[PDB]
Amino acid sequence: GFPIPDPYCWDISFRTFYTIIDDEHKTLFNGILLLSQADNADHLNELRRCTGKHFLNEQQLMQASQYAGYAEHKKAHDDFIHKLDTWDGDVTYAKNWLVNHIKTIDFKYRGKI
């Protein structure tokens, strides 16, 4: 269980050392930051697009090395997409989800993909 950065922006503690992945993650941080300022549709579309794109790219990256933890990782991703598709305004959940997802599930593939 990890601290929540305030302002809710990416920092180097989240580095995975996959620069594409890090740069995509910076966009998910910003997406949740916007929602945290104004819970509207422009902001949710922005987070949703970036989330869908990042999860699919990262999924491809895992598949390229036939990663053993893919299926568990894809199921995590798909549950979060689902929250976003039924958004409830729960920004705290999202701030939390992303921090733990990166620092636990994404950190797990390092060196394996």
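Each residue number is its position in the shown sequence, starting from 1.
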query: Mean Cα B-factor comparison, 55 to 63 or 77 to 85, giving the higher one as deposited; finding: 77 to 85
query: Selected stretch [higher average CA B-factor]: 45 to 53 or 28 to 36; finding: 28 to 36
query: CA B-factor ranking of residue 17, expressed as a third of its chain; finding: highest
query: Chain-wide C-alpha B factor ranking for residue 11, given as lowest, middle or highest third; finding: middle
query: Third of the chain's Cα B-factor distribution that residue 91 belongs to, per the entry; finding: highest
